[PDB]
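Asker: First the structure, which I've put down as structure tokens, then a few questions once you've had a look.
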Amino acid sequence: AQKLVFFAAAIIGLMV
Ligand code: NA
């Protein structure tokens, strides 16, 4: 998988 970053607070490093 690959890391995807987004904002929701927190800056989140999600593994997709
Ligand atoms: Na939000």
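So you can find residues: chains in the structure tokens are A, B, ... in the order shown, residues in each start at 1, and ligands are numbered from 1 in order.
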Given only C-alpha atoms and all ligand atoms, how would the per-residue table for chain A near ligand 1 read, listing every residue at most 10 Å away with its closest atom pair and distance in Å to one decimal, sorted by chain and number, as a Markdown table?

Answerer:
| residue | atom | partner | partner_atom_place_in_ligand_line | distance |
| --- | --- | --- | --- | --- |
| A:6 | CA | ligand 1 | 1 (Na) | 9.7 |
| A:7 | CA | ligand 1 | 1 (Na) | 7.0 |
| A:8 | CA | ligand 1 | 1 (Na) | 4.2 |
| A:9 | CA | ligand 1 | 1 (Na) | 7.6 |
| A:10 | CA | ligand 1 | 1 (Na) | 9.2 |

Asker: Save out the residues we just selected, N, CA and C atoms, as a CSV table (one decimal), in the first residue's frame.

Answerer:
chain,number,residue,atom,x,y,z
A,6,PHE,N,-4.0,13.5,5.0
A,6,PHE,CA,-5.1,14.4,5.0
A,6,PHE,C,-5.3,15.1,6.3
A,7,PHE,N,-6.1,16.1,6.3
A,7,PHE,CA,-6.4,16.9,7.5
A,7,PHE,C,-7.9,16.7,8.0
A,8,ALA,N,-8.0,16.5,9.3
A,8,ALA,CA,-9.4,16.2,9.8
A,8,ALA,C,-9.5,16.7,11.3
A,9,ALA,N,-7.7,19.3,15.6
A,9,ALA,CA,-7.7,18.4,14.4
A,9,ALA,C,-6.4,17.7,14.3
A,10,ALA,N,-6.2,16.9,13.2
A,10,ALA,CA,-5.0,16.2,13.0
A,10,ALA,C,-4.6,16.1,11.6

Asker: Could you tell me, as a ChimeraX atom specification, which residues of chain A DSSP assigns to strand (DSSP E) when given the backbone?

Answerer: /A:3-7,11-15

Asker: List the spatial neighbours of residue 16 in chain A as an NGL selection string - criterion: any atom at most 9 Å away, only C-alpha atoms, same-chain residues fewer than 4 positions off excluded.

Answerer: :A and (1-4)

Asker: Using N, CA, C and O atoms, can you export the residues from the last selection as an mmCIF file, in the first residue's frame?

Answerer:
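The resulting out.cif:
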data_model
loop_
_atom_site.group_PDB
_atom_site.id
_atom_site.type_symbol
_atom_site.label_atom_id
_atom_site.label_comp_id
_atom_site.auth_asym_id
_atom_site.auth_seq_id
_atom_site.Cartn_x
_atom_site.Cartn_y
_atom_site.Cartn_z
ATOM 1 N N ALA A 1 0.841 -1.209 0.000
ATOM 2 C CA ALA A 1 0.000 0.000 0.000
ATOM 3 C C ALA A 1 0.883 1.270 0.000
ATOM 4 O O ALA A 1 2.112 1.204 0.071
ATOM 5 N N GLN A 2 0.206 2.461 -0.090
ATOM 6 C CA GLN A 2 0.898 3.745 -0.120
ATOM 7 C C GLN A 2 0.289 4.716 0.881
ATOM 8 O O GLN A 2 -0.911 4.680 1.142
ATOM 9 N N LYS A 3 1.123 5.584 1.442
ATOM 10 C CA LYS A 3 0.660 6.549 2.429
ATOM 11 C C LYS A 3 -0.063 7.723 1.782
ATOM 12 O O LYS A 3 0.407 8.292 0.796
ATOM 13 N N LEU A 4 -1.213 8.065 2.353
ATOM 14 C CA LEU A 4 -1.984 9.232 1.945
ATOM 15 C C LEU A 4 -2.234 10.134 3.148
ATOM 16 O O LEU A 4 -2.742 9.682 4.171
#

Asker: Give me the residues within 6 Å of residue 5 in chain A as number ranges by chain, counting only C-alpha atoms and dropping any in the same chain fewer than 2 places off.

Answerer: A: 12-14
